[PDB]
Each structure stands twice: as C-alpha cells, then as structure tokens.
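First, the structure itself, so that you have it in front of you.
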Number of protein chains: 2
Amino acid sequence: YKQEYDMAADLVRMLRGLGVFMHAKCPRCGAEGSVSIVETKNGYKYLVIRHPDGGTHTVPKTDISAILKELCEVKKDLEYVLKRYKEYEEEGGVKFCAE
Amino acid sequence: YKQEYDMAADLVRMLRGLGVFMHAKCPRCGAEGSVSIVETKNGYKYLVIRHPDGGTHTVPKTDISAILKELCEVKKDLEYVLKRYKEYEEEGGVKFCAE
Ligand SMILES: [Zn+2]
Ligand SMILES: [Zn+2]
C-alpha cells in the first residue's frame, strides 16, 4: 500500500508542478475536489482532496482507487498530446527541438 | 509556414486545456510572457504572448522559434512523466487504469 501510495503521490507531484488539472471523488466526503499533495515537516508527501470551498481531506493509504482512476485519465491525455507531437514532427516536418 | 504555425497552435491549444504552463520570449517585445492562443470570430487559432501586466502580442507566422523551443521543453517534461508512469506500472505493479 505504502509503495503504491507513494508512486501515485510522486506522479501527482510532477503533474501539479506542470500545472496539470486533476479532480476526483474524495474517499472521505463523497464530494468532488482537486487532487493534490502535502508535505509534512519531515519530508513525507501524502495525498489530499481540496474541495472548492477550501475543505481538504487526507486520502487513506488503503483507498486510492479514485486517485488512480484520475491518473489513468491524465495518462491517456498526455499520451494523446505526445502522439500529436510525434505526428507533427514525423509526418508534419516540424522540428520542435531545434537540433 | 502556415502548416508549422497551425501545428504549434494546435499543441499550445491542447496543453492550455490541460493546464500546462508555457512561457517564451516574445518575438515582438523581447519580453517574457505566457504562450497562448486566440480564436478569431471565424474559427482560426493564432499564437500570442501574454505579458504578465496584460499586454498581449501576436506571434508572426515567420517567427515561431521561441514557441517551438518551449514546446520542445514541454515535450521532454511530458515524456519524463510518462516514463515514470511506465516504470510505476511495469516495475512497481501499479495498475493506474483499472482494467
Ligand atoms: Zn473530502
Ligand atoms: Zn510582446
């Protein structure tokens, strides 16, 4: 559980740094909110849901299904964007990385 | 030029929809600003730089080098995130897409 939780937390961290929108049903409230991470003073990152009125709830390590579902959707969106980059370089002749 | 410009504009559109942060040196000002797209009333999407005080400048079709450079950086960031998803699924056993 802790492994799976930290890998999810690590992805959410990376995506949040990029600006990537993520939303999920909170395991605690039932309410929709934004998926984020919090870092304890000791350097451990855990997952939370921030509900649009400010309320934030910790995601239990045994219940990350809704977070994994959203990470799945994000993964597909990023795959699609990269497929288009590949198309525009290989079929379109665009050299995005001038080299 | 128009082809290359529209493919870049199409990527910027997709990334902006995802929330992905993009910044570049404006071909007109010299100033740094955020890369975005604008859509004419007739449905054509062109590229602009929005400078943090509100000033927005059209990017000429013959001068998209700084936009392509940033799209290159974004591409590498997204490749890195997907490499980590692949690692966490294949080596970490995490099934992000429950199926
Ligand atoms: Zn909640
Ligand atoms: Zn400018």
Side-chain angles (χ1 to χ4, degrees), chain A residues 7-8 10-23 34-35 67-99, chain B residues 1-28 31-40 43-51 56-92 94-97 99:
Chain A
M7 280 176 268
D10 189 53
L11 296 178
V12 164
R13 155 192 76 90
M14 281 178 295
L15 298 165
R16 187 94 182 174
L18 293 171
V20 167
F21 303 142
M22 248 185 301
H23 303 90
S34 182
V35 184
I67 288 172
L68 293 186
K69 170 158 171 20
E70 179 62 6
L71 288 170
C72 175
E73 298 298 312
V74 169
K75 184 175 166 234
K76 296 170 184 164
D77 290 342
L78 298 184
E79 283 177 332
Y80 175 77
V81 166
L82 284 181
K83 168 180 100 160
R84 291 287 215 58
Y85 268 93
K86 182 172 68 56
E87 295 178 352
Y88 293 168
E89 297 170 320
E90 300 193 350
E91 303 173 72
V94 184
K95 297 167 294 293
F96 296 97
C97 295
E99 145 51 58
Chain B
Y1 288 113
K2 179 178 77 202
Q3 294 323 105
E4 176 186 51
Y5 189 82
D6 296 335
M7 280 176 268
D10 189 53
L11 296 178
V12 164
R13 155 192 76 90
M14 281 178 295
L15 298 165
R16 187 94 182 174
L18 293 171
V20 167
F21 303 142
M22 248 185 301
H23 303 90
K25 174 168 47 168
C26 173
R28 201 73 59 76
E32 215 196 300
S34 182
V35 184
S36 204
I37 57 144
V38 173
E39 197 185 274
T40 70
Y44 188 67
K45 305 174 204 276
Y46 61 94
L47 292 152
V48 301
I49 303 296
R50 316 189 193 183
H51 297 288
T56 64
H57 288 133
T58 293
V59 172
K61 289 204 201 190
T62 61
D63 192 2
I64 59 163
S65 67
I67 288 172
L68 293 186
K69 170 158 171 20
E70 179 62 6
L71 288 170
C72 175
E73 298 298 312
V74 169
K75 184 175 166 234
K76 296 170 184 164
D77 290 342
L78 298 184
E79 283 177 332
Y80 175 77
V81 166
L82 284 181
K83 168 180 100 160
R84 291 287 215 58
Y85 268 93
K86 182 172 68 56
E87 295 178 352
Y88 293 168
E89 297 170 320
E90 300 193 350
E91 303 173 72
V94 184
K95 297 167 294 293
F96 296 97
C97 295
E99 145 51 58

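In what follows, chains carry the letters A, B, and so on, assigned in the order in which the sequence lines appear, proteins first and then strands, with residues in each chain numbered from 1. Atom set for the values below is all heavy atoms of this structure, side chains included, hydrogens, waters and symmetry mates excluded.
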Open item on the list: Please check if the number of heavy atoms outside B:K61 that lie under 6.0 Å from its NZ is greater than 12.
Closed with: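 Yes, the 6.0 Å shell around NZ holds more than 12 heavy atoms from other groups.
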Task: Sub-4.5 Å side-chain heavy-atom contact between B:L11 and A:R84 - done: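 A side-chain contact exists here, since the closest heavy-atom pair is under 4.5 Å.
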Open item on the list: Using 0.5 Å steps for rounding, measure from the OH atom of A:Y88 to the CD atom of B:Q3.
Closed with: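 So the OH of A:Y88 and the CD of B:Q3 are separated by 10.5 Å.
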Task: Over all atoms of both residues, closest heavy-atom pair of A:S34 and A:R16 - done: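 Here A:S34 and A:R16 meet closest at OG-NH1, 3.1 Å.
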- [ ] Heavy atoms only: give me the nearest A:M14-B:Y80 pair and the separation to one decimal.
- [x]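 Closest approach of A:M14 to B:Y80: SD-CE2, 3.6 Å.
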Task: Spatial distance of atom OG (B:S36) from atom CZ (B:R50) [nearest 0.5 Å] - done: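 It is 4.0 Å, given to the nearest 0.5 Å.
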Open item on the list: A side-chain contact here means heavy atoms from C-beta on lying under 4.5 Å apart; do B:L15 and B:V35 qualify?
Closed with: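 SC-SC contact between B:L15 and B:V35 ruled out.
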Open item on the list: If I compare all heavy atoms of B:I49 with all of B:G33, which pair ends up nearest, and what's the gap?
Closed with: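 Minimum heavy-atom separation between B:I49 and B:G33: CG2-CA, 3.4 Å.
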- [ ] Return yes when atom NZ of A:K95 has more than 12 non-hydrogen atoms of other residues, nucleotides or ligands closer than 6.0 Å, and no otherwise.
- [x]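 Not buried by this count: 12 neighbours or fewer within 6.0 Å.
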TODO: Please list, chain by chain and in numerical order, all residues satisfying side chain to side chain donor-acceptor pair (under 3.5 Å) with A:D77, sequence neighbours excluded.
DONE: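 If we apply the side chain to side chain donor-acceptor pair (under 3.5 Å) test to A:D77, skipping adjacent residues, there are no hits.
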Open item on the list: Just to verify, what does B:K45 make a side chain to side chain donor-acceptor pair (under 3.5 Å) with, not counting sequence neighbours?
Closed with: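 With neighbours one apart ignored, the set is B:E39.
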TODO: Return the minimal non-hydrogen interatomic distance between A:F96 and B:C72, and the atom names on each side.
DONE: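 Here A:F96 and B:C72 meet closest at O-CB, 3.3 Å.
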Task: Approximate separation, where rounding is to 0.5 Å, of A:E73 CD and B:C97 SG - done: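 Here the interatomic distance stands at 7.0 Å.
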Open item on the list: So which atom in B:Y5 and which in B:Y44 form the shortest heavy-atom distance, rounded to 0.1 Å?
Closed with: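 Of all heavy-atom pairs spanning B:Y5 and B:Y44, the closest is CD2-OH, 3.5 Å.
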Open item on the list: Determine whether a donor-acceptor pair (N or O, by modelled atom type, separation under 3.5 Å) exists between the side chain of B:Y85 and the backbone of A:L71.
Closed with: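 Yes, because the side chain of B:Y85 sits within donor-acceptor range (under 3.5 Å) of the backbone of A:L71.
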Open item on the list: Any heavy-atom pair between the side chains of B:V38 and B:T58 that's under 4.5 Å?
Closed with: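 Not touching, per the 4.5 Å side-chain cut-off.
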Open item on the list: Run the ring pair (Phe, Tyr, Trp, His ring centres under 6.0 Å) test against A:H23 and tell me which residues pass, sequence neighbours left out.
Closed with: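 Counting only residues at least two positions away or on another chain, A:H23 forms no ring pair (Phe, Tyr, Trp, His ring centres under 6.0 Å).
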Open item on the list: I need the A:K86 NZ to A:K83 NZ distance, nearest 0.5 Å.
Closed with: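 If I round to the nearest 0.5 Å, the distance is 8.5 Å.
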- [ ] Locate the shortest heavy-atom distance separating B:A24 from B:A66; write the atom from each residue and the value.
- [x]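 Closest approach of B:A24 to B:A66: CB-O, 3.9 Å.
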Open item on the list: Rounded at 0.5 Å granularity, tell me how far NZ in B:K2 sits from OG1 in B:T62.
Closed with: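 B:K2 atom NZ to B:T62 atom OG1 measures 15.0 Å (nearest 0.5 Å).
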Open item on the list: Working to the nearest 0.5 angstrom, can you tell me the gap between B:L47 CG and B:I67 CD1?
Closed with: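 So the gap between those two atoms works out to 4.0 Å.
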Task: B:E79 and B:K76 ion-paired at < 4.0 Å - done: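 No, this pair does not count.
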Task: Stepwise side-chain contact (heavy atoms from CB on, under 4.5 Å) check, B:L78 with B:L82 - done: CA-CA 6 Å; B:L78 298 184; B:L82 284 181; 5.7 Å; no
